[PDB]
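Residues per chain are reported as follows:
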Amino acid sequence: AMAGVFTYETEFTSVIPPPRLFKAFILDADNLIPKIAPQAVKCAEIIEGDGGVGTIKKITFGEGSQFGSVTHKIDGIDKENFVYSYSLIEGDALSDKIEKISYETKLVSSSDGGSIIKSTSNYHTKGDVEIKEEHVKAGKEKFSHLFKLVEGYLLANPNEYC
């Protein structure tokens, strides 16, 4: 019955500055990503709410993740600060031990004109805590692969998301 939070933070960088990344990778994710990378994401569907805080959306993956799915609740969005926070409320990463995972994606500017893409994962734990580096890294790599696809597209299509 011990409740705790395990926090993991990772970053990487992009030549694309925060406004363009946020508009595409975050704000237009539901339309952009299945169009760009159908094998990753088949579709995204709002179950409830209008797009703000409290919205509940289900993401159905493509073949790359066996047409599985996740359901997310939007926790916050701070468009001027390029910050998006959401919680996993259904998915394979939940378990008896892990009741919820709360995330933040924050885009920070660098003085070279680029972005730092920061990802924070907060695992809400119950009982004994057993969190494996392998599962955390697999998560990290799935995020970055997906991000890199969107980045690829934006570089190839410089008129979109201006």
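What counts as what
Residues numbered from 1 in each chain as written, not as in the entry; some residues may be left out. Heavy atoms only, no water. Pairing = 2+ DSSP bridges. Helix = DSSP H or I, 4+ residues; strand = E, 2+ residues; numbered from the N terminus. Axes fitted to C-alpha atoms, helices over the stretch in contact; angles between N-to-C directions. Contact = heavy atoms within 4.5 Å. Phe/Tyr/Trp six-rings, centres within 6.5 Å; stacked < 30°, edge-to-face > 60°. Buried < 20%, exposed > 50% of the residue type's maximum accessible area, 1.4 Å probe, protein only. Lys NZ or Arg CZ within 6 Å of the ring centre and 35° of its normal. Salt bridge = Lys/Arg side-chain N within 4 Å of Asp/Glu carboxyl O.

Regarding how it was determined, this PDB entry cites X-ray crystallography in its header, along with a resolution of 1.90 Å.

Q: Outline the sheet that holds strand β4 (residues 69-78), supporting the account with residue identities and numerical values.
A: Ordered by their spatial adjacency, 7 strands build an open sheet running β1-β7-β6-β5-β4-β3-β2, and the pairing between neighbours is antiparallel. Taken across any chain shown, the strands that pair with only one partner, and hence form the sheet edges, are β1 (3-14) and β2 (41-48). If you compare each strand with its neighbour and ignore which way they point, the axes differ by 25° on average. Relative to strand β7 (residues 115-126), strand β6 (residues 98-109) is paired through 11 bridges, and the arrangement is antiparallel. Bridged to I98 within β7 is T125. Together, β2 and β3 (56-61) form the strand contacts of helix α2 (residues 29-36), whose direction differs from that of β2 by roughly 160°. Its contacts with the sheet place helix α3 (residues 133-156) against β1, β3, β6 and β7, and it is angled at close to 35° to β1.

Q: Could you give an account of the packing of aromatic side chains, naming the residues involved and the relevant values?
A: Inspection of every chain in the model, using the stated rule, returns 8 aromatic pairs. Look at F22 and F82: their rings are 5.9 Å apart centre to centre, the planes differ by 75°, and that puts the pair in the edge-to-face class. Placement of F22 in helix α1 (residues 18-27) and of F82 in the loop between β4 and β5 (83-90) is noted, with a sequence separation of 60 residues between them. The class of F22 is buried, set by a relative accessible area of 3%. Taken together, a centroid distance of 5.1 Å and an interplanar angle of 70° make the contact between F25 and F147 edge-to-face. Taken as a pair, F25 in helix α1 and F147 in helix α3 lie far apart in primary sequence, 122 residues in all. Accessibility expressed as a relative area gives 0% for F147, which makes it buried. Taken together through their ring pairs, the aromatic side chains of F12, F25, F143 and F147 make up a single cluster. In this structure, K142 is placed above the aromatic ring of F61, and the distance from its NZ or CZ to the ring centre is 4.5 Å.

Q: An account of the pairing of β4 is requested, with residue identities and associated values reported.
A: By the bridge criterion, 5 bridges tie β3 to β4 in an arrangement that is antiparallel. In the strand pairing of β4, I56 is matched with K73. Pairing analysis gives 7 bridges linking β4 to β5, with the strands arranged antiparallel. Paired with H72 across the strands is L88, a residue of β5. Counting the residues in the hairpin turn of β4 and β5 gives 4 residues, including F82, whose phi is positive at 45°.

Q: Any chance you could break down the pattern of salt bridges for me, citing the residues and the numbers?
A: What the rule picks out here adds up to 4 salt bridges. When the shortest N-O distance is used, the salt bridge between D30 and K57 registers 2.5 Å. Of this pair, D30 sits in helix α2 while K57 sits in strand β3; the two residues are 27 residues apart in sequence, bridging distant segments of the chain. The exposure class assigned to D30 is partly exposed, which follows from its relative accessible area of 25%. With a relative accessible area of 12%, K57 lands in the buried category. The partner of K126 in a salt bridge is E99, and the shortest N-O contact between them spans 4.0 Å. Here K126 is found in strand β7, whereas its partner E99 is found in strand β6, with 27 residues between them in sequence.

Q: So what's going on with α2? Residues and values would help.
A: The complete set of buried residues in α2 reads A29, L32, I33 and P34. On its buried side, α2 packs onto α1, β2 and α3.

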